[PDB]
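> one piece of my complex first, more on the way:
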Amino acid sequence: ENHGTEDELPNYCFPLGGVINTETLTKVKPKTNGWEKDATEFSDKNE
């Protein structure tokens, strides 16, 4: 009795921390238009 399957929604296998392929960024504060590096409080490498 082949009814097919109730699969209107997609189901996903997800990574361990929710994300794997994060990239390294640097905290940047605005000049007091313009931007400069904010390394005093935050670290220079943020994934």
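That came in fine, so what should we check first? Residues are numbered from 1 along each chain as shown, chains lettered A, B, ... in the order given.
> residue boundaries of the helices in chain A?
Applying DSSP state H to chain A gives no helices.
> middle-most residue in it, spatially?
residue A:22 (5.8 Å; C-alpha atoms, centre = their mean).
> and it, what is it in contact with?
By C-beta atoms under 8 Å, 6 or more residues apart in numbering, the residues touching residue A:22 are residue A:47. Yep, even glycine has a C-beta here, placed from its N, CA and C like the rest.
> and the gap between it and residue A:12?
Residue A:22 is 18 Å from residue A:12, where distance means C-beta to C-beta, to the nearest Å.
> so how far does stretch A:30-44 reach from one end to the other?
Taking C-alpha to C-alpha, to the nearest Å, stretch A:30-44 runs 16 Å from one end to the other.
> what's next to it, contact-wise?
With C-beta under 8 Å, 6+ apart, stretch A:30-44 has contacts from A:26, A:27, A:28, A:29.
> 10 Å instead?
A:24, A:25, A:26, A:27, A:28, A:29 (C-beta atoms under 10 Å, 6 or more residues apart in numbering).
> which ones are touching the last one?
So the one you mean is residue A:29. A:35, A:36, A:37, A:38, A:39, A:40, A:41, A:42.
> include chain B too:
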Amino acid sequence: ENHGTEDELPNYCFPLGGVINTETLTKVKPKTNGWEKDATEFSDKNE
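Putting chain B together with the chains above:
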């Protein structure tokens, strides 16, 4: 009433576009034996 599981077929979690690990190739047409690059109708970056 432990009968094990009916898992004779493998079940896979598949990528969202079918494939993610493509490589960049270039369309090549044959000479009149030999091979030469086709870039007029086709591109040079085909995933």
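> The contacts of residue A:22 with chain B there, same question as before?
Going by C-beta atoms under 10 Å, 6 or more residues apart in numbering or on different chains, residue A:22 touches A:46, A:47.
> Go again with 6 Å.
Neighbouring residues of residue A:22 by C-beta atoms under 6 Å, 6 or more residues apart in numbering or on different chains: residue A:47.
> Same check on the one 4 residues further on?
Under the criterion of C-beta under 6 Å, 6+ apart, the contact list for residue A:26 reads residue A:44.
> Show me what residue A:29 bridges to in the sheet.
Counting by DSSP bridges, residue A:29 forms beta bridges with residue A:36.
> quick revisit: distance-wise, check the residue nearest to the centre of chain A relative to residue A:46.
Distance, residue A:22 to residue A:46, by C-beta to C-beta: 9 Å.
> for residue A:12, same thing?
For residue A:12, the distance to residue A:46 - C-beta to C-beta - is 26 Å.
> Of the two, give the one with the bigger neighbour count.
Applying other C-beta atoms under 10 Å in any protein chain shown to residue A:12 and residue A:46 shows that residue A:46 carries more neighbours, namely 11 against 8.
> Not counting its neighbours along the chain, what's nearest that one?
Distances taken as C-beta to C-beta, 6 or more residues apart in numbering or on different chains put residue A:25 closest to residue A:46, at 5.1 Å, once the chain neighbours are dropped.
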